[PDB]
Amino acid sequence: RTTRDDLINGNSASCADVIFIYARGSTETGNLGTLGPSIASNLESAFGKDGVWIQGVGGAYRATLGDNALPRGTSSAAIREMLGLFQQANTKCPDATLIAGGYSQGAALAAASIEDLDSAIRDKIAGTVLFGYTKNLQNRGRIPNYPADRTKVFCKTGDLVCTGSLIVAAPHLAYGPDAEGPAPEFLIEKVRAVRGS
């Protein structure tokens, strides 16, 4: 449901082929946030539970509001944990396709980690959906240093983080819809695009 540690407790003898690494937004609980369980499920329906690893960024990532104002979306300790979860996924299951997603500060974070990832590992993230990208303006809509055709930024109009400020407004929470539709679709579509039938 809201806490998911598939990678962390994952045993490589039994690696999943697809591995999702999600960064929840500010204030939420567990490591999955409000939108994560939705994606996880849509991903699982398409892959069977056995076929995909759902792992949320916990540890040093606190979802602390003030951090939304740190120089690059969040804190160093966050970028770090996410980066380490990428390495860990890569090292634990090398031949596995990776998907990463993020909402709010979670997405501020996901761009930060992917932007300074080892390119080779970064090479294997087939798709990344961001929700209410608090850095949507500053990074000109892309995740700096990721293939643009792999980035799906769900920035609903009316949401002010997408436009250049910390002003949280109503539309910033109108994301449940997309998290059960275009978001996991985009991912399953990108992963099947780099796998089979």
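Just count from 1 along the sequence shown to find any residue number.
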{"property": "Of 155-163 and 128-136, the one with larger mean CA B-factor", "result": "155-163"}
{"property": "Between the two ranges 80-88 and 117-125, the one averaging a larger CA B factor in the entry", "result": "117-125"}
{"property": "Residue with maximal Cα B-factor (values as given in the PDB entry) among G141, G56, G59, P37", "result": "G141"}
{"property": "Out of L187, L173, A23, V18, highest CA B-factor residue", "result": "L173"}
{"property": "Entry-reported Cα temperature factor of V52, expressed as the chain third it lands in", "result": "lowest"}
{"property": "For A69, the third of its chain into which the C-alpha B factor falls", "result": "lowest"}
{"property": "Chain-wide C-alpha B factor ranking for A110, given as lowest, middle or highest third", "result": "lowest"}
{"property": "Third of the chain's Cα B-factor distribution that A96 belongs to, per the entry", "result": "highest"}
